[PDB]
Each structure stands twice: as structure tokens, then as C-alpha cells.
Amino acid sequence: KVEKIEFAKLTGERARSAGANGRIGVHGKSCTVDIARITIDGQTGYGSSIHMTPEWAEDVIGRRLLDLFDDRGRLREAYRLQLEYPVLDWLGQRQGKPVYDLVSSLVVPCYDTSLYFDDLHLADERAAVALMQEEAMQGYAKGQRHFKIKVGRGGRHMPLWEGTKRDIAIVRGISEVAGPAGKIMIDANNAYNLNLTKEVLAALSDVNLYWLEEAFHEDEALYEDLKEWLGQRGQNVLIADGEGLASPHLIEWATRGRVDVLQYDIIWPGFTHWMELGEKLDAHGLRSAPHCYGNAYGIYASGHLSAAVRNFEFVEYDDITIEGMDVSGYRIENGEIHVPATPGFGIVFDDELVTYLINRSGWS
């Protein structure tokens, strides 16, 4: 039986302040994670929690844990967003198993997602390249080998042609810092159209472009055309899409071969959702790369999830430090994240700090 439910926001910081992206402004350095602490049968479990009010909590207390689940042992829709993470943790805690085992040493590819438009104050290309190269080198030093570069400078934040030229310079530049083995992804946050996309792609013929992410809002006809154009020129770049307010027909479009990599968020729709979705995508030969940005907890959940998903691509990694949330069990090495074999999600929350924050700025 669910006995108690506690809630708290935890705070910390990104290792380096994130600049603008193709569509909006500076993302900054401050980070937060909403967490719930559940208690079932005397033992506590921790995890990401969203869409949960004290009123909502009131109406769950006393419900049999068994009642939270589906026939197929799949946490029920109504509970996922608010409790799927604390529950999974609590399960792992009780059975002393890591969630990836509950859902099956674990080693997962990851990439550095922290390369935003950090060069907008610079008139000189070389200064801008050196700056972005240096940011990439910073990730390399921490064990990153793969890099997702924000592009679309010309969409909103710089003049069109100038920003596009700058996009192409930064990506090449970073291509050189990374090495031949380094996978480069580019993410335009919808700031291109099809012909801009082709211009940028053609200019990057020599670069180890692994995938193109959100070039423009997903469109079956445009992506069909783009895949053909790419095929005709022998340029091997995957089409990635799916974060945010996605087209309701996106999965369908992927099954027809217009999109290769699906990027639904690791918190919304979340973990339980991704497990079922992951199965569907494997069956179609489609790839899974759960989006994660703005929530540090998501990085580590994505890690565990790869166990449940054959065609899992990468963990999306942003170097973040949240007070009270010990993630030292995880290590970055050679373009991969090593998930600890410890109980639950392998994350060690400081019970005292959380208890304080629960009283001060949360509820129970």
C-alpha cells in the first residue's frame, strides 16, 4: 500500500551556461528537478514527478501498490507522469535490483548536447569557431566523443545568410576538434526550410553527420523529398524528430520511412510510455532517442531505458549538478555513460536535504 507522498523541487546548475537556440533565447545555467518521495511498506523511493498536486496526492494514499499497475504489470496511465519514477525506484530498492534489470554491466552511448548559440556576441568567425571548438573540447575532456550542435542561427537571431554561413563554420570547426570517430548531430530547432536544409547539408558533405534533428516542423512530403535527395547524393544522415508538440502522425510517417529516429521526451510522455513505444519501434526497424533537456533526472532514466529498447540510440547528455542528488554512480567514458548496478535508478538522494526542502518549499 502507498503510505505517504512527499514533494520537493531540487535546484542546481548546468556546468556551462547555455545560449540561445534557433527559436528562442538564452537558456542559462540555473537547473531544477521536481522530485517525489513515496513510501510503501515502510521503504522510500525517489524520482522525477510532474503534474502532481497535494490534492492529487490525497487521493492516492492508501491505495494498494498492486492497484497502481496494469494487467501486464504496466503502471496505469493515470499514475505515470506523477509517480512512475518514484515507483520504479522503490521497486528496485525493494528487490535490490537496478531498474534496467527490472525492465530488461550496462553501458550506453551518449552525446554532448550543450553546444548552443554561444557565439552570438562575436563578429569574427574564427573567434566564434574557437569558442565553440573550446566548448566541444570541454566535453571531450569529460569523456564525450559525440556532439549535437545547435544550428539555425539565421532563423531568428542573426541575418539569414550570415547566420547560415556561421552555422556551417561552427559545425566544420567542431568536426575538427572531435576527431574522425566523433559523431556529429545538428539540431535546427525548426529554424530551416527544406532548401536551407539542403544547402547546409551539401556544405557539410565531408563531415561525420550522424543525424539531422528538427530541421523544420515535421512534414511527410518534405522529409520524403529530403530522404530522396540525400540518397541520390549518397549522403548518409538520419532524420530525427519528435520532441515538443509533435505531429500526431509522426510515428506513421516514420513507419513509411520518412523519419528514422523518434525523440519523444523521457519525462513526458515518460518512462513507462517509452517502454511500450520502444517495442513498437523496434518491430518497425525504427530507432529510439529519447529527448532530454531541462531535467537532469531524465539523463539517467534514459540510461536505464536502453535495456528495454533494442534500437536505442543515445542518452542526450547535459553536464548538470543538482544539490541533494548524488549521481556519482554514473561515469562518462569514451562516448558512453556507464550506469551503476546499484538498486533502483542508482541515484542517491540526500534524505536530509530533501526532507528540509519538502517542508520549506514542498508538501506531503
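One rule holds for the numbers: they count along the sequence shown, beginning at 1.
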| query | finding |
| --- | --- |
| Sequence continuity check, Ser104 and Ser105 (deposited residues unmodelled) | 4 to 9 |
| Which of 287 to 295 and 189 to 197 has higher mean CA B factor, as the PDB entry lists it | 287 to 295 |
| Segment of higher mean CA temperature factor, 148 to 156 or 77 to 85 | 77 to 85 |
| Per the PDB entry, maximal CA B factor within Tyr116, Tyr223, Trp90, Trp211 | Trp90 |
| Cα B factor band for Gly163 (lowest, middle or highest third within the chain) | lowest |
| Where the record places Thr11 (Cα B-factor, split into thirds across the chain) | middle |
| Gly234, C-alpha B-factor rank within chain (lowest, middle or highest third) | middle |
| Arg72 - Cα temperature factor, lowest/middle/highest third of chain | highest |
| Position of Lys183 among the chain's modelled residues by C-alpha B-factor, lowest, middle or highest third | lowest |
